[PDB]
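Heavy-atom basis, side chains included; hydrogens, waters and symmetry copies ignored. Here is the naming used below: chain letters follow the sequence lines, and residue numbers restart at 1 for every chain.
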Protein chains: 2
Amino acid sequence: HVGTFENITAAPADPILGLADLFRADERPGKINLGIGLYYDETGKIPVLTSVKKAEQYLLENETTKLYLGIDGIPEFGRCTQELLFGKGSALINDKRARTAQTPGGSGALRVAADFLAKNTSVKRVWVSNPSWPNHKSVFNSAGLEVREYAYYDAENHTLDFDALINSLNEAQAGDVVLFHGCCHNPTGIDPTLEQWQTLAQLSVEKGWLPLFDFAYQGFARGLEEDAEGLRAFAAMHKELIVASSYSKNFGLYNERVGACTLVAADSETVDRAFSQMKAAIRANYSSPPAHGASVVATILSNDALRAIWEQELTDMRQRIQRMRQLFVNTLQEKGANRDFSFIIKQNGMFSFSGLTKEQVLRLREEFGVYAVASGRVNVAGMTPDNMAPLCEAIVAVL
Amino acid sequence: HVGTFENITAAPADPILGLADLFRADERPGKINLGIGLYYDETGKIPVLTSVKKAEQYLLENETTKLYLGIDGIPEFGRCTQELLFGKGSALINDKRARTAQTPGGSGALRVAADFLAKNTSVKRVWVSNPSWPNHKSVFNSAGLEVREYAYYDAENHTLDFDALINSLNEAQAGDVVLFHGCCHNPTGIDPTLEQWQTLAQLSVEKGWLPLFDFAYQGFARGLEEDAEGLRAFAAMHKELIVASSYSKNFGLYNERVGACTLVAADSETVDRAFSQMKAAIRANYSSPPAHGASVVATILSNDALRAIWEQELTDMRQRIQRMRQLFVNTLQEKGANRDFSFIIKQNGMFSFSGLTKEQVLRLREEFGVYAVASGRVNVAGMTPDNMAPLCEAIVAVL
Ligand SMILES: Cc1ncc(COP(=O)(O)O)c(C=O)c1O
Ligand SMILES: Cc1ncc(COP(=O)(O)O)c(C=O)c1O
């Protein structure tokens, strides 16, 4: 017969993971990886946090069974997740307006939400920032939802174009979904101020949007509580919203796939009715989530001694990135860059829009073995005191 | 504005997992759970295998990072999976005709296959046995694939209705997917003989079906190699096929979500092209799979010492279930059953298709605290020397 796989077309390279494959195969010893968002320590390693090793040790000696978790995962994991997102004494929690499912990573939480909406509501369009995480469009298209873009970044002044953002979103109709980065906007690193959040929250309720918050970097901007102010302004004003969160990065648990999808509705009867369909969409996907990574997170967040250790480790990560931002800017000037890169100090999180062209990013990789994303996004957390000088010499050589 | 979640219809109760929730709530003492397919030991517990504990200690001591796995997971995990399925010296492997993706459980493997087929092929129809695992239809429907049923079980002789199976698949077109259970058919426990497998393999190639094997219980019928005879009869004749396999049960790693989706095509260049689109379907779902569970399996299968331990543990599990099958039939007679349950001994795996009616199943639960699936499926692996007598007295009471 003809053959079913014979005419399949090869898939294009992932703009992020394809770069990581090239880096791994590169044989040059001085190669530098500033692509995929991984936290490196001063020594260039990607370590397991001490709080995580201690929690895994507890699990190894106390686990007696591997029997399936519920569709929505470990209950304590869900409860602790809502506390982090909304606060200890939140009204959503007391009113029982929120339900949380443990998911395989933030990516898994985005697909679950996308499947949930495409199959149980009349949602048709998702509004995503321009630029944004490249995988956002793929997740929502694969679920059958259209993806529209709204303006965000002023490339001239390296700032948030709040006028163009609101003008773009005026085309978003009621019932549409609008995606917001909770903090540390990927890839620009520019987040709204609290006042700008409150403006979007009020505009969101009067326009009829369904907010969808992507929360992959809580604690990397200013702090655990501070980074959730934007979400908590929306939460104090909307009847419905969705939060897809990730523990991959603030716990360094990338490959264990630890995330959550939290559903908020007007009242407890509606959220439970909606959550039953979300569990059905999970059942038809991976059935139940992996336990190891979420058990680690739950063990840490529920033990005051481990949590204290983890909160300090997260502070050290946040502050090392800030030190590298300063060192990055100073070193560029020291190596002969005549452009002003001071805007990089004002950006939060792991990434920064360097302003380099696709052709310059290509030169960096081929000629100097410095790997950045074609959009000019660089992982500041991949910079160390040892690789800063060769890295900045290469950037100056291509300007 | 009117809420987006108001017109959502509540999802029905899951036929398997909704049962486990009723069991956890039942306050009556002596309740017995013969529902969800978990392996219990002689004492009524769901333990962690010794080999799994050994492997987990090795990972705790030697893991230095939680860096993301590739989209397709741990390479060694895929190689050992192919050896398990096809044999150490298979032509499929030497010709490099197979590619394997690590997935979250067999469920995740099935969903990945469904998404891959729906988006990259002209497949529109999947044929599933009647009866089958209830979640099969949900997974393929989630991708928009039509699911048709073919006849399988002779509920009169308690055997494979091979004549009806052949006739009911007459309308299966070339390019349709036909789903086969590799061994330990769920729920009936009746598998095709080697001669019947070979007959199906010949018919499958003549009609141009795309075979999809669900392999969740390798090693629970007769043995690791013996249980794969049917798959290898198909593999020797077909240019293309798909295998969703699970390690949830033969390793007791249920909640770590350890599975694999294997893709087989005519040649190495074709499978590579097709596999790139499978990875794209994974990227738009959970991005990359969880490491812990698959790392355990790869460690055991690669270490000669641990593998010998695991194989003996799998033999112990298989043999206890077979003794419980014999004891179940003997005790039913002892307790006054006039219906002949000898067919139980001929069935393979954890599950016994008892032939009880939905009314009798509901009566066992509400009246005696014995929990089985409404189809009459009972988990033999949940029977113990301590609960056998009350269980059989309950059944006899409703016959
Ligand atoms: C904005 C954003 N959303 C989602 C994700 C996915 O996170 P995870 O690795 O937990 O799937 C990432 C990074 O991976 C991200 O930067
Ligand atoms: C036939 C069959 N396929 C797939 C599965 C799913 O297994 P997993 O837990 O790996 O998702 C099961 C049981 O759970 C099964 O019986």
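Remark: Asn130(A) CG to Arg148(A) CZ distance equals 13.5 Å, nearest 0.5 Å. Remark: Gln277(A) CD to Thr121(A) OG1 distance equals 11.0 Å, nearest 0.5 Å. Separation of atoms OG (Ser129(B)) and CG (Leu165(B)) is listed at 8.5 Å; rounding is to 0.5 Å. With values rounded to the nearest 0.5 angstrom, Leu212(B) atom CG is found 12.5 Å from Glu240(B) atom CD. Within the model, atoms CG of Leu117(B) and CG of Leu210(B) stand 6.5 Å from one another, a figure rounded to the nearest 0.5 Å. Taking CZ from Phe275(B) and CD1 from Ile8(A), the interatomic distance works out to 12.5 Å, rounded to the nearest 0.5 Å.
Here the closest heavy-atom approach between residue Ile32(A) and residue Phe23(A) is recorded as C-CE1, 3.7 Å. Heavy-atom minimum distance, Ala55(B) versus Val296(B): CB-CG1, 3.9 Å. Between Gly70(B) and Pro289(B) the shortest heavy-atom distance is O-CD, 3.6 Å. Taking all atoms of both residues into account, the shortest heavy-atom contact from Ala374(A) to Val361(A) is CA-CG1, 4.0 Å. Contact between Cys184(B) and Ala221(B) at its shortest, heavy atoms only, is SG-N, 3.5 Å. Between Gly89(B) and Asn94(B) the shortest heavy-atom distance is O-ND2, 3.9 Å.
By the 4.5 Å heavy-atom criterion applied to side chains, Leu179(B) and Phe213(B) are not counted as neighbours. Proximity of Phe251(B) to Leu301(B): side-chain heavy atoms (C-beta onward) are separated by under 4.5 Å at one or more points. Side-chain atoms of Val177(A) and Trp127(A), non-hydrogen and from C-beta on, never get closer than 4.5 Å to each other. Inter-residue side-chain proximity for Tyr68(B) and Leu17(A) is flagged as unmet; no heavy-atom pair is nearer than 4.5 Å. Inter-residue side-chain proximity for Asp95(B) and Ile93(B) is flagged as unmet; no heavy-atom pair is nearer than 4.5 Å. Inter-residue side-chain proximity for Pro290(A) and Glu256(A) is flagged as unmet; no heavy-atom pair is nearer than 4.5 Å. A 4.5 Å side-chain heavy-atom check between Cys261(A) and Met278(A) finds at least one atom pair inside the cut-off. Within the 4.5 Å cutoff, the side chain of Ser245(B) has heavy atoms near those of the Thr81(B) side chain.
A donor-acceptor pair shorter than 3.5 Å can be found between the side chains of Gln82(B) and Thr100(B). Residues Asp115(B) and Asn285(B) have side chains that never bring a donor and an acceptor to within less than 3.5 angstrom of each other. For the 3.5 Å distance criterion, the side chains of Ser132(A) and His181(A) qualify, holding a donor opposite an acceptor. No side-chain donor from either of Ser295(B) and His292(B) sits under 3.5 Å from a side-chain acceptor of the other. A donor-acceptor pair shorter than 3.5 Å can be found between the side chains of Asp214(B) and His136(B). In the model, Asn379(A) has no side-chain atom that pairs as donor or acceptor with a side-chain atom of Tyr40(A) under 3.5 Å. Side chains of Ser142(A) and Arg111(A): a donor on one and an acceptor on the other come within 3.5 Å.
Remark: side-chain polar atoms of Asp191(B) are paired, donor with acceptor, to backbone N or O of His185(B) under 3.5 angstrom. Proximity of a side-chain donor or acceptor of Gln218(B) to a complementary backbone N or O of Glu225(B) within less than 3.5 Å is not detected. A donor-acceptor contact shorter than 3.5 Å is absent between the side chain of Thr270(B) and the backbone of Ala266(B). Under a 3.5 Å cut-off, the side chain of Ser246(B) and the backbone N or O of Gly105(B) do not form any donor-acceptor pair. At least one donor-acceptor pair closer than 3.5 Å links the side chain of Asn141(A) to the backbone N or O of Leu145(A). Panel note: side chain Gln102(B), backbone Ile74(B); a donor-acceptor pair is recorded below 3.5 Å. No donor-acceptor pair closer than 3.5 Å links the side chain of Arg99(B) to the backbone N or O of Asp72(B). Under a 3.5 Å cut-off, the side chain of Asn255(A) and the backbone N or O of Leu67(B) do form a donor-acceptor pair. Put simply, the side chain of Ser107(A) never gets that close to the backbone of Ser287(B): no donor and acceptor are under 3.5 Å apart. A side-chain donor-acceptor contact under 3.5 Å links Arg257(A) to the backbone of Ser288(B).
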Inset, instruction - Could you walk me through whether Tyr247(B) and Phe77(B) pass ring pair (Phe, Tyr, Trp, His ring centres under 6.0 Å), step by step? - result: CA-CA 11 Å; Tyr247(B) 296 104; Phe77(B) 173 87; 5.5 Å; yes

Legend entry - side chain to side chain contact (heavy atoms under 4.5 Å, CB included) between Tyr286(A) and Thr103(A), intermediate numbers included: CA-CA 9 Å; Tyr286(A) 50 87; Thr103(A) 58; 3.5 Å; yes

Legend entry - Verdict with supporting geometry, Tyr217(B) and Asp227(B), side chain to side chain contact (heavy atoms under 4.5 Å, CB included): CA-CA 9 Å; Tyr217(B) 301 89; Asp227(B) 290 4; over 6 Å; no

Inset, instruction - Show your reasoning for whether side chain to side chain contact (heavy atoms under 4.5 Å, CB included) applies to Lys249(A) and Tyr254(A). - result: CA-CA 6 Å; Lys249(A) 302 178 181 302; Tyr254(A) 313 93; 3.9 Å; yes

Inset, instruction - Apply side chain to side chain contact (heavy atoms under 4.5 Å, CB included) to the pair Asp26(A) and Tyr371(A), showing each step before the final yes or no. - result: CA-CA 10 Å; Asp26(A) 194 333; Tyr371(A) 285 70; 2.7 Å; yes

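Within a 6.0 Å sphere centred on CG of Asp304(B), heavy atoms belonging to other residues, nucleotides or ligands number 12 at most. Counting non-hydrogen atoms of neighbouring residues, nucleotides and ligands closer than 6.0 angstrom, the CD atom of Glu171(B) reaches no more than 12 such neighbours.
Ionic pairing of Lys137(B) and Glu149(B) is present here: one or more N-O contacts between side-chain nitrogen and carboxylate oxygen are shorter than 4.0 angstrom. Using a 4.0 Å cut-off between charged side-chain N and carboxylate O, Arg24(A) and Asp21(A) make a salt bridge. By the 4.0 Å N-to-carboxylate-O rule, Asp176(B) lies close enough to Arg125(B) to be salt-bridged with it. Checked for salt-bridge contact, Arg363(A) and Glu359(A) miss the test: no charged N lies under 4.0 Å from a carboxylate O. Of the charged side-chain nitrogens involved, none lies within less than 4.0 Å of a carboxylate oxygen, so that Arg97(B) and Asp267(B) do not count as a salt-bridged pair.
Applying the side chain to side chain contact (heavy atoms under 4.5 Å, CB included) test between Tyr150(B) and each of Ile166(B), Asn170(B), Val178(B) identifies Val178(B) as the sole match.
Scored by the side chain to side chain donor-acceptor pair (under 3.5 Å) test, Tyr152(B) finds no partners at all (sequence neighbours excluded).
Using bins of under 30°, 30° to 60° and over 60° for the plane-to-plane angle, the ring pair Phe234(B)/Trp197(B) lands in the perpendicular bin.
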